[PDB]
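Structure file target.cif; described as mmCIF, N, CA and C atoms.
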```
data_query
loop_
_atom_site.group_PDB
_atom_site.id
_atom_site.type_symbol
_atom_site.label_atom_id
_atom_site.label_comp_id
_atom_site.auth_asym_id
_atom_site.auth_seq_id
_atom_site.Cartn_x
_atom_site.Cartn_y
_atom_site.Cartn_z
ATOM 1 N N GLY A 1 -74.293 31.726 48.288
ATOM 2 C CA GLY A 1 -74.708 30.505 47.576
ATOM 3 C C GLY A 1 -73.617 29.967 46.682
ATOM 4 N N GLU A 2 -73.425 30.610 45.543
ATOM 5 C CA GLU A 2 -72.424 30.181 44.582
ATOM 6 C C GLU A 2 -71.090 30.876 44.831
ATOM 7 N N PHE A 3 -70.020 30.256 44.375
ATOM 8 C CA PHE A 3 -68.683 30.788 44.559
ATOM 9 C C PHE A 3 -67.954 30.883 43.227
ATOM 10 N N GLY A 4 -67.118 31.895 43.096
ATOM 11 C CA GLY A 4 -66.342 32.059 41.889
ATOM 12 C C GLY A 4 -65.015 31.335 41.977
ATOM 13 N N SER A 5 -64.236 31.400 40.900
ATOM 14 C CA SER A 5 -62.922 30.764 40.831
ATOM 15 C C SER A 5 -63.004 29.244 40.957
ATOM 16 N N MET A 6 -63.071 28.569 39.819
ATOM 17 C CA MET A 6 -63.094 27.114 39.798
ATOM 18 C C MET A 6 -61.797 26.569 40.370
ATOM 19 N N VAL A 7 -60.706 27.253 40.067
ATOM 20 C CA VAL A 7 -59.405 26.860 40.559
ATOM 21 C C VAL A 7 -59.265 27.270 42.021
ATOM 22 N N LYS A 8 -59.020 26.300 42.870
ATOM 23 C CA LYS A 8 -58.884 26.543 44.292
ATOM 24 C C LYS A 8 -57.415 26.569 44.692
ATOM 25 N N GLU A 9 -56.877 27.749 44.905
ATOM 26 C CA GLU A 9 -55.489 27.881 45.284
ATOM 27 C C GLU A 9 -55.361 28.660 46.579
ATOM 28 N N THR A 10 -54.494 28.178 47.467
ATOM 29 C CA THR A 10 -54.152 28.868 48.694
ATOM 30 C C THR A 10 -55.233 28.749 49.779
ATOM 31 N N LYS A 11 -56.424 28.288 49.420
ATOM 32 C CA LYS A 11 -57.518 28.212 50.388
ATOM 33 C C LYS A 11 -57.187 27.286 51.542
ATOM 34 N N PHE A 12 -56.605 26.141 51.240
ATOM 35 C CA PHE A 12 -56.233 25.207 52.284
ATOM 36 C C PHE A 12 -55.067 25.731 53.094
ATOM 37 N N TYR A 13 -54.173 26.450 52.426
ATOM 38 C CA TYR A 13 -53.033 27.031 53.097
ATOM 39 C C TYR A 13 -53.515 28.128 54.047
ATOM 40 N N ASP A 14 -54.420 28.965 53.546
ATOM 41 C CA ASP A 14 -55.047 30.030 54.341
ATOM 42 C C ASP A 14 -55.824 29.486 55.513
ATOM 43 N N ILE A 15 -56.563 28.424 55.276
ATOM 44 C CA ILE A 15 -57.332 27.787 56.322
ATOM 45 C C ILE A 15 -56.428 27.255 57.446
ATOM 46 N N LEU A 16 -55.363 26.546 57.078
ATOM 47 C CA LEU A 16 -54.390 26.088 58.073
ATOM 48 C C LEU A 16 -53.606 27.238 58.695
ATOM 49 N N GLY A 17 -53.434 28.312 57.957
ATOM 50 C CA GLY A 17 -52.660 29.416 58.470
ATOM 51 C C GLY A 17 -51.206 29.309 58.061
ATOM 52 N N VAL A 18 -50.978 28.631 56.952
ATOM 53 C CA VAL A 18 -49.638 28.454 56.405
ATOM 54 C C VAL A 18 -49.511 29.118 55.039
ATOM 55 N N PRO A 19 -48.282 29.460 54.635
ATOM 56 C CA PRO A 19 -48.019 30.033 53.314
ATOM 57 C C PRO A 19 -48.188 28.991 52.225
ATOM 58 N N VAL A 20 -48.342 29.434 50.996
ATOM 59 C CA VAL A 20 -48.399 28.528 49.864
ATOM 60 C C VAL A 20 -47.087 27.743 49.815
ATOM 61 N N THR A 21 -46.011 28.441 50.142
ATOM 62 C CA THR A 21 -44.667 27.881 50.139
ATOM 63 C C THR A 21 -44.377 27.124 51.463
ATOM 64 N N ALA A 22 -45.437 26.727 52.161
ATOM 65 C CA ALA A 22 -45.314 26.055 53.451
ATOM 66 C C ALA A 22 -44.596 24.721 53.365
ATOM 67 N N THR A 23 -43.882 24.421 54.418
ATOM 68 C CA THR A 23 -43.182 23.169 54.569
ATOM 69 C C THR A 23 -44.022 22.230 55.432
ATOM 70 N N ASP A 24 -43.638 20.959 55.505
ATOM 71 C CA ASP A 24 -44.399 19.965 56.263
ATOM 72 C C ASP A 24 -44.540 20.363 57.724
ATOM 73 N N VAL A 25 -43.484 20.916 58.306
ATOM 74 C CA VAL A 25 -43.512 21.327 59.716
ATOM 75 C C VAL A 25 -44.549 22.424 59.948
ATOM 76 N N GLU A 26 -44.576 23.400 59.046
ATOM 77 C CA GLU A 26 -45.513 24.515 59.142
ATOM 78 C C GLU A 26 -46.920 23.983 59.001
ATOM 79 N N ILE A 27 -47.057 23.039 58.102
ATOM 80 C CA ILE A 27 -48.309 22.380 57.831
ATOM 81 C C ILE A 27 -48.799 21.588 59.053
ATOM 82 N N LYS A 28 -47.886 20.858 59.694
ATOM 83 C CA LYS A 28 -48.224 20.064 60.867
ATOM 84 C C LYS A 28 -48.712 20.952 61.999
ATOM 85 N N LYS A 29 -47.954 22.006 62.291
ATOM 86 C CA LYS A 29 -48.274 22.886 63.410
ATOM 87 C C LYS A 29 -49.551 23.658 63.165
ATOM 88 N N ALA A 30 -49.774 24.023 61.929
ATOM 89 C CA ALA A 30 -50.986 24.701 61.536
ATOM 90 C C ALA A 30 -52.170 23.810 61.756
ATOM 91 N N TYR A 31 -52.005 22.546 61.408
ATOM 92 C CA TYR A 31 -53.015 21.551 61.642
ATOM 93 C C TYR A 31 -53.252 21.415 63.126
ATOM 94 N N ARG A 32 -52.153 21.333 63.862
ATOM 95 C CA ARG A 32 -52.193 21.159 65.299
ATOM 96 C C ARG A 32 -52.922 22.303 65.949
ATOM 97 N N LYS A 33 -52.597 23.515 65.543
ATOM 98 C CA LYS A 33 -53.226 24.663 66.143
ATOM 99 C C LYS A 33 -54.666 24.781 65.694
ATOM 100 N N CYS A 34 -54.931 24.569 64.413
ATOM 101 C CA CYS A 34 -56.300 24.689 63.918
ATOM 102 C C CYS A 34 -57.222 23.662 64.570
ATOM 103 N N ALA A 35 -56.757 22.421 64.660
ATOM 104 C CA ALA A 35 -57.544 21.370 65.274
ATOM 105 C C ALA A 35 -57.725 21.609 66.771
ATOM 106 N N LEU A 36 -56.632 21.896 67.461
ATOM 107 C CA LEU A 36 -56.676 22.117 68.904
ATOM 108 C C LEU A 36 -57.487 23.356 69.273
ATOM 109 N N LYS A 37 -57.334 24.408 68.497
ATOM 110 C CA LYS A 37 -58.026 25.662 68.759
ATOM 111 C C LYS A 37 -59.545 25.566 68.533
ATOM 112 N N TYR A 38 -59.969 24.857 67.479
ATOM 113 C CA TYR A 38 -61.399 24.800 67.130
ATOM 114 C C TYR A 38 -62.007 23.390 67.080
ATOM 115 N N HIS A 39 -61.384 22.427 67.726
ATOM 116 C CA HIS A 39 -61.933 21.058 67.760
ATOM 117 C C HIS A 39 -63.315 21.019 68.438
ATOM 118 N N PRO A 40 -64.255 20.239 67.873
ATOM 119 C CA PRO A 40 -65.657 20.182 68.342
ATOM 120 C C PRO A 40 -65.828 19.669 69.777
ATOM 121 N N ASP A 41 -64.852 18.930 70.279
ATOM 122 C CA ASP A 41 -64.952 18.366 71.629
ATOM 123 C C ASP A 41 -64.726 19.413 72.713
ATOM 124 N N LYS A 42 -64.338 20.615 72.315
ATOM 125 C CA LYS A 42 -64.136 21.713 73.267
ATOM 126 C C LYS A 42 -64.751 22.984 72.725
ATOM 127 N N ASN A 43 -64.800 23.070 71.412
ATOM 128 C CA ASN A 43 -65.404 24.184 70.737
ATOM 129 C C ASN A 43 -66.696 23.711 70.085
ATOM 130 N N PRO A 44 -67.836 24.075 70.678
ATOM 131 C CA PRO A 44 -69.156 23.602 70.246
ATOM 132 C C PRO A 44 -69.671 24.225 68.950
ATOM 133 N N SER A 45 -69.040 25.288 68.491
ATOM 134 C CA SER A 45 -69.511 25.964 67.301
ATOM 135 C C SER A 45 -69.386 25.089 66.077
ATOM 136 N N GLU A 46 -70.380 25.180 65.251
ATOM 137 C CA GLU A 46 -70.429 24.475 63.995
ATOM 138 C C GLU A 46 -69.264 24.889 63.119
ATOM 139 N N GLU A 47 -69.019 26.182 63.088
ATOM 140 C CA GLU A 47 -67.954 26.764 62.295
ATOM 141 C C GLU A 47 -66.611 26.250 62.745
ATOM 142 N N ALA A 48 -66.464 26.104 64.046
ATOM 143 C CA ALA A 48 -65.229 25.603 64.618
ATOM 144 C C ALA A 48 -64.983 24.210 64.117
ATOM 145 N N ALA A 49 -66.039 23.457 64.105
ATOM 146 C CA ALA A 49 -66.026 22.094 63.603
ATOM 147 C C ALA A 49 -65.703 22.079 62.117
ATOM 148 N N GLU A 50 -66.260 23.052 61.390
ATOM 149 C CA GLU A 50 -66.014 23.187 59.958
ATOM 150 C C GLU A 50 -64.534 23.403 59.735
ATOM 151 N N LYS A 51 -63.971 24.255 60.563
ATOM 152 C CA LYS A 51 -62.563 24.579 60.499
ATOM 153 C C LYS A 51 -61.728 23.347 60.743
ATOM 154 N N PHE A 52 -62.163 22.543 61.692
ATOM 155 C CA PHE A 52 -61.506 21.299 62.007
ATOM 156 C C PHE A 52 -61.514 20.371 60.780
ATOM 157 N N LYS A 53 -62.689 20.225 60.154
ATOM 158 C CA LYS A 53 -62.838 19.349 58.993
ATOM 159 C C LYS A 53 -61.993 19.835 57.824
ATOM 160 N N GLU A 54 -62.046 21.122 57.560
ATOM 161 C CA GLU A 54 -61.244 21.712 56.507
ATOM 162 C C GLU A 54 -59.764 21.566 56.803
ATOM 163 N N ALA A 55 -59.407 21.718 58.070
ATOM 164 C CA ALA A 55 -58.030 21.583 58.495
ATOM 165 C C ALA A 55 -57.534 20.167 58.253
ATOM 166 N N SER A 56 -58.395 19.184 58.521
ATOM 167 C CA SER A 56 -58.028 17.802 58.345
ATOM 168 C C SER A 56 -57.833 17.457 56.860
ATOM 169 N N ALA A 57 -58.681 18.012 55.988
ATOM 170 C CA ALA A 57 -58.546 17.784 54.548
ATOM 171 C C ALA A 57 -57.311 18.493 54.008
ATOM 172 N N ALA A 58 -57.086 19.702 54.494
ATOM 173 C CA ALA A 58 -55.910 20.449 54.132
ATOM 174 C C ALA A 58 -54.700 19.663 54.545
ATOM 175 N N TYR A 59 -54.767 19.116 55.736
ATOM 176 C CA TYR A 59 -53.726 18.279 56.269
ATOM 177 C C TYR A 59 -53.511 17.046 55.411
ATOM 178 N N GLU A 60 -54.585 16.378 55.011
ATOM 179 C CA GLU A 60 -54.435 15.130 54.284
ATOM 180 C C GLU A 60 -53.689 15.324 52.956
ATOM 181 N N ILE A 61 -53.822 16.503 52.335
ATOM 182 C CA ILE A 61 -53.096 16.763 51.101
ATOM 183 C C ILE A 61 -51.777 17.467 51.362
ATOM 184 N N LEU A 62 -51.840 18.531 52.123
ATOM 185 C CA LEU A 62 -50.680 19.345 52.430
ATOM 186 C C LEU A 62 -49.613 18.594 53.223
ATOM 187 N N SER A 63 -50.032 17.735 54.152
ATOM 188 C CA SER A 63 -49.088 16.929 54.934
ATOM 189 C C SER A 63 -48.362 15.919 54.031
ATOM 190 N N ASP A 64 -48.740 15.896 52.761
ATOM 191 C CA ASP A 64 -48.107 15.048 51.775
ATOM 192 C C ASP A 64 -47.587 15.906 50.664
ATOM 193 N N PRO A 65 -46.289 16.151 50.643
ATOM 194 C CA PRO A 65 -45.639 17.035 49.657
ATOM 195 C C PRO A 65 -46.022 16.697 48.220
ATOM 196 N N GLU A 66 -46.252 15.424 47.965
ATOM 197 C CA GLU A 66 -46.617 14.982 46.636
ATOM 198 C C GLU A 66 -48.022 15.429 46.315
ATOM 199 N N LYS A 67 -48.885 15.334 47.305
ATOM 200 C CA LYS A 67 -50.262 15.725 47.189
ATOM 201 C C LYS A 67 -50.354 17.219 47.187
ATOM 202 N N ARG A 68 -49.445 17.804 47.912
ATOM 203 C CA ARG A 68 -49.343 19.213 48.084
ATOM 204 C C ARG A 68 -49.014 19.852 46.745
ATOM 205 N N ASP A 69 -48.079 19.229 46.018
ATOM 206 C CA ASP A 69 -47.686 19.705 44.696
ATOM 207 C C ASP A 69 -48.788 19.476 43.716
ATOM 208 N N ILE A 70 -49.446 18.343 43.862
ATOM 209 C CA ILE A 70 -50.576 17.999 43.036
ATOM 210 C C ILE A 70 -51.683 19.034 43.212
ATOM 211 N N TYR A 71 -51.992 19.352 44.459
ATOM 212 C CA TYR A 71 -52.979 20.390 44.765
ATOM 213 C C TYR A 71 -52.535 21.740 44.200
ATOM 214 N N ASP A 72 -51.279 22.059 44.433
ATOM 215 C CA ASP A 72 -50.689 23.341 44.047
ATOM 216 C C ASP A 72 -50.776 23.608 42.534
ATOM 217 N N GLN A 73 -50.463 22.606 41.720
ATOM 218 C CA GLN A 73 -50.452 22.773 40.302
ATOM 219 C C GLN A 73 -51.843 22.609 39.681
ATOM 220 N N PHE A 74 -52.574 21.582 40.103
ATOM 221 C CA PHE A 74 -53.902 21.330 39.558
ATOM 222 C C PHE A 74 -54.913 22.349 40.048
ATOM 223 N N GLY A 75 -54.690 22.870 41.244
ATOM 224 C CA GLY A 75 -55.596 23.858 41.793
ATOM 225 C C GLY A 75 -56.954 23.273 42.115
#
```
Translate this structure into structure tokens?
Amino acid sequence: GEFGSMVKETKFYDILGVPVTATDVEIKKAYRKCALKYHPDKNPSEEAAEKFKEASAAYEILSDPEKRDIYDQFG
């Protein structure tokens, strides 16, 4: 139900499968693999779809170094 740690660090990196110190390329490929591997159009699982959605959000911030730093520091 409830989750601890208000500060969210590394979760998006972990979800994509990239290090905290990840670069844009690592981020892109992680997105590519996460989306391709668990996309809902081939992977019917809800969780797979969840992974896709999380991957896309991770991508939207992480694929942007500025956003990435913003995420990294603000947590």
Assign secondary structure with DSSP using the backbone only, and return the residues of chain A in alpha helix (DSSP H) as a ChimeraX atom specification.
/A:11-16,24-38,46-62,65-74
Going by the chain IDs and residue numbers used in this file, which residues fall under the PyMOL selection byres ((chain A and resi 56-71) around 6.5)? Write them as an NGL selection string.
:A and (12-13 or 24 or 27-28 or 31 or 51-55 or 72-75)
Serialized selection, N, CA and C atoms, as an mmCIF file, in the coordinates of the input:
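Here's the written file out_27.cif:
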```cif
data_model
loop_
_atom_site.group_PDB
_atom_site.id
_atom_site.type_symbol
_atom_site.label_atom_id
_atom_site.label_comp_id
_atom_site.auth_asym_id
_atom_site.auth_seq_id
_atom_site.Cartn_x
_atom_site.Cartn_y
_atom_site.Cartn_z
ATOM 1 N N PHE A 12 -56.605 26.141 51.240
ATOM 2 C CA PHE A 12 -56.233 25.207 52.284
ATOM 3 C C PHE A 12 -55.067 25.731 53.094
ATOM 4 N N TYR A 13 -54.173 26.450 52.426
ATOM 5 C CA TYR A 13 -53.033 27.031 53.097
ATOM 6 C C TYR A 13 -53.515 28.128 54.047
ATOM 7 N N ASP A 24 -43.638 20.959 55.505
ATOM 8 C CA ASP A 24 -44.399 19.965 56.263
ATOM 9 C C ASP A 24 -44.540 20.363 57.724
ATOM 10 N N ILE A 27 -47.057 23.039 58.102
ATOM 11 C CA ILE A 27 -48.309 22.380 57.831
ATOM 12 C C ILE A 27 -48.799 21.588 59.053
ATOM 13 N N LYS A 28 -47.886 20.858 59.694
ATOM 14 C CA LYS A 28 -48.224 20.064 60.867
ATOM 15 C C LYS A 28 -48.712 20.952 61.999
ATOM 16 N N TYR A 31 -52.005 22.546 61.408
ATOM 17 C CA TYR A 31 -53.015 21.551 61.642
ATOM 18 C C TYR A 31 -53.252 21.415 63.126
ATOM 19 N N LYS A 51 -63.971 24.255 60.563
ATOM 20 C CA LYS A 51 -62.563 24.579 60.499
ATOM 21 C C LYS A 51 -61.728 23.347 60.743
ATOM 22 N N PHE A 52 -62.163 22.543 61.692
ATOM 23 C CA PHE A 52 -61.506 21.299 62.007
ATOM 24 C C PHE A 52 -61.514 20.371 60.780
ATOM 25 N N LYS A 53 -62.689 20.225 60.154
ATOM 26 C CA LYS A 53 -62.838 19.349 58.993
ATOM 27 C C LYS A 53 -61.993 19.835 57.824
ATOM 28 N N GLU A 54 -62.046 21.122 57.560
ATOM 29 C CA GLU A 54 -61.244 21.712 56.507
ATOM 30 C C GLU A 54 -59.764 21.566 56.803
ATOM 31 N N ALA A 55 -59.407 21.718 58.070
ATOM 32 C CA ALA A 55 -58.030 21.583 58.495
ATOM 33 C C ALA A 55 -57.534 20.167 58.253
ATOM 34 N N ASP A 72 -51.279 22.059 44.433
ATOM 35 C CA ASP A 72 -50.689 23.341 44.047
ATOM 36 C C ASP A 72 -50.776 23.608 42.534
ATOM 37 N N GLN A 73 -50.463 22.606 41.720
ATOM 38 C CA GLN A 73 -50.452 22.773 40.302
ATOM 39 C C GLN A 73 -51.843 22.609 39.681
ATOM 40 N N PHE A 74 -52.574 21.582 40.103
ATOM 41 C CA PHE A 74 -53.902 21.330 39.558
ATOM 42 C C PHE A 74 -54.913 22.349 40.048
ATOM 43 N N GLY A 75 -54.690 22.870 41.244
ATOM 44 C CA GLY A 75 -55.596 23.858 41.793
ATOM 45 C C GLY A 75 -56.954 23.273 42.115
#
```
Enclose segment 60-64 of chain A, meaning all of its atoms listed in the file, in a box aligned along x, y and z, pad it by 5 Å on each side, and list the centre and edge lengths in Å to one decimal, as lines of an AutoDock Vina configuration file.
```
center_x = -51.1
center_y = 17.2
center_z = 52.8
size_x = 17.0
size_y = 14.3
size_z = 14.3
```
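As for atom CA of residue 16 of chain A and atom CA of residue 34 of chain A, they are spaced 6.3 Å apart.
Reported to one decimal place, the separation of atom CA of residue 18 of chain A from atom C of residue 50 of chain A is 16.1 Å.
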Would you mind reading off the distance between atom CA of residue 14 of chain A and atom CA of residue 45 of chain A, one decimal, in Å?
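Result for atom CA of residue 14 of chain A versus atom CA of residue 45 of chain A: 19.8 Å, one decimal.
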Filtering to C-alpha atoms, could chain A of the supplied structure be written out as an mmCIF file, in the first residue's frame?
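Printed below is part28.cif as written:
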```cif
data_model
loop_
_atom_site.group_PDB
_atom_site.id
_atom_site.type_symbol
_atom_site.label_atom_id
_atom_site.label_comp_id
_atom_site.auth_asym_id
_atom_site.auth_seq_id
_atom_site.Cartn_x
_atom_site.Cartn_y
_atom_site.Cartn_z
ATOM 1 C CA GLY A 1 0.000 0.000 0.000
ATOM 2 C CA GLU A 2 2.210 2.777 1.297
ATOM 3 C CA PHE A 3 5.840 3.354 0.369
ATOM 4 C CA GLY A 4 8.745 4.798 2.292
ATOM 5 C CA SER A 5 11.380 7.316 1.195
ATOM 6 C CA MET A 6 9.781 10.546 -0.002
ATOM 7 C CA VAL A 7 12.924 11.214 -1.985
ATOM 8 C CA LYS A 8 12.898 9.160 -5.162
ATOM 9 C CA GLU A 9 16.426 8.464 -6.329
ATOM 10 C CA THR A 10 17.719 5.905 -8.813
ATOM 11 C CA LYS A 11 14.244 4.382 -9.304
ATOM 12 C CA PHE A 12 13.947 5.640 -12.855
ATOM 13 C CA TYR A 13 17.523 4.661 -13.550
ATOM 14 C CA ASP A 14 16.856 1.179 -12.125
ATOM 15 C CA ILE A 15 13.658 0.890 -14.089
ATOM 16 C CA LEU A 16 15.420 1.750 -17.370
ATOM 17 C CA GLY A 17 18.348 -0.423 -16.406
ATOM 18 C CA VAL A 18 20.863 2.403 -16.421
ATOM 19 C CA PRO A 19 23.289 3.710 -13.759
ATOM 20 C CA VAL A 20 22.644 6.918 -11.863
ATOM 21 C CA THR A 21 25.706 8.193 -13.712
ATOM 22 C CA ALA A 22 24.030 7.179 -17.011
ATOM 23 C CA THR A 23 24.621 9.081 -20.198
ATOM 24 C CA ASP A 24 22.005 9.948 -22.848
ATOM 25 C CA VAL A 25 23.046 6.974 -25.001
ATOM 26 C CA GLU A 26 22.649 4.538 -22.101
ATOM 27 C CA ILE A 27 19.353 6.169 -21.343
ATOM 28 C CA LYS A 28 18.155 5.878 -24.958
ATOM 29 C CA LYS A 29 19.059 2.202 -25.288
ATOM 30 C CA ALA A 30 17.565 1.401 -21.928
ATOM 31 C CA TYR A 31 14.393 3.041 -23.070
ATOM 32 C CA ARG A 32 14.615 1.170 -26.334
ATOM 33 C CA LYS A 33 15.084 -2.152 -24.662
ATOM 34 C CA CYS A 34 12.541 -1.546 -21.911
ATOM 35 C CA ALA A 35 9.885 -0.385 -24.360
ATOM 36 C CA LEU A 36 10.631 -3.040 -26.984
ATOM 37 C CA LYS A 37 10.929 -5.836 -24.433
ATOM 38 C CA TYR A 38 7.684 -5.061 -22.525
ATOM 39 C CA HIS A 39 5.558 -2.940 -24.906
ATOM 40 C CA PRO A 40 1.776 -3.680 -24.557
ATOM 41 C CA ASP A 41 1.325 -4.326 -28.295
ATOM 42 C CA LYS A 42 3.318 -7.560 -27.946
ATOM 43 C CA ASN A 43 3.466 -8.022 -24.220
ATOM 44 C CA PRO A 44 -0.113 -8.285 -22.886
ATOM 45 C CA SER A 45 0.852 -8.158 -19.221
ATOM 46 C CA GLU A 46 -0.285 -5.196 -17.239
ATOM 47 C CA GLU A 47 3.077 -5.071 -15.527
ATOM 48 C CA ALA A 48 4.816 -5.024 -18.865
ATOM 49 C CA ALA A 49 2.711 -2.073 -19.783
ATOM 50 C CA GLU A 50 3.538 -0.488 -16.423
ATOM 51 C CA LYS A 51 7.184 -0.915 -17.239
ATOM 52 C CA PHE A 52 6.602 0.730 -20.572
ATOM 53 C CA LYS A 53 4.868 3.721 -18.926
ATOM 54 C CA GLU A 54 7.545 4.068 -16.276
ATOM 55 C CA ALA A 55 10.194 3.726 -18.953
ATOM 56 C CA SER A 56 8.610 6.522 -20.950
ATOM 57 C CA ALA A 57 8.503 8.858 -17.913
ATOM 58 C CA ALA A 58 12.046 7.925 -17.017
ATOM 59 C CA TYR A 59 12.889 8.670 -20.592
ATOM 60 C CA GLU A 60 11.110 12.016 -20.606
ATOM 61 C CA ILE A 61 13.316 13.268 -17.749
ATOM 62 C CA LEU A 62 16.455 11.205 -18.142
ATOM 63 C CA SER A 63 16.625 11.731 -21.928
ATOM 64 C CA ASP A 64 17.019 15.380 -20.928
ATOM 65 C CA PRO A 65 20.288 15.990 -19.066
ATOM 66 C CA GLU A 66 18.831 19.153 -17.593
ATOM 67 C CA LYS A 67 15.808 17.296 -16.345
ATOM 68 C CA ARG A 68 18.024 14.470 -15.391
ATOM 69 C CA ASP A 69 20.053 16.755 -13.125
ATOM 70 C CA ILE A 70 16.889 18.280 -11.831
ATOM 71 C CA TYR A 71 15.569 14.815 -10.979
ATOM 72 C CA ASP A 72 18.949 13.781 -9.576
ATOM 73 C CA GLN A 73 19.285 16.676 -7.144
ATOM 74 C CA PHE A 74 15.639 17.272 -6.203
ATOM 75 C CA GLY A 75 14.966 13.569 -5.900
#
```
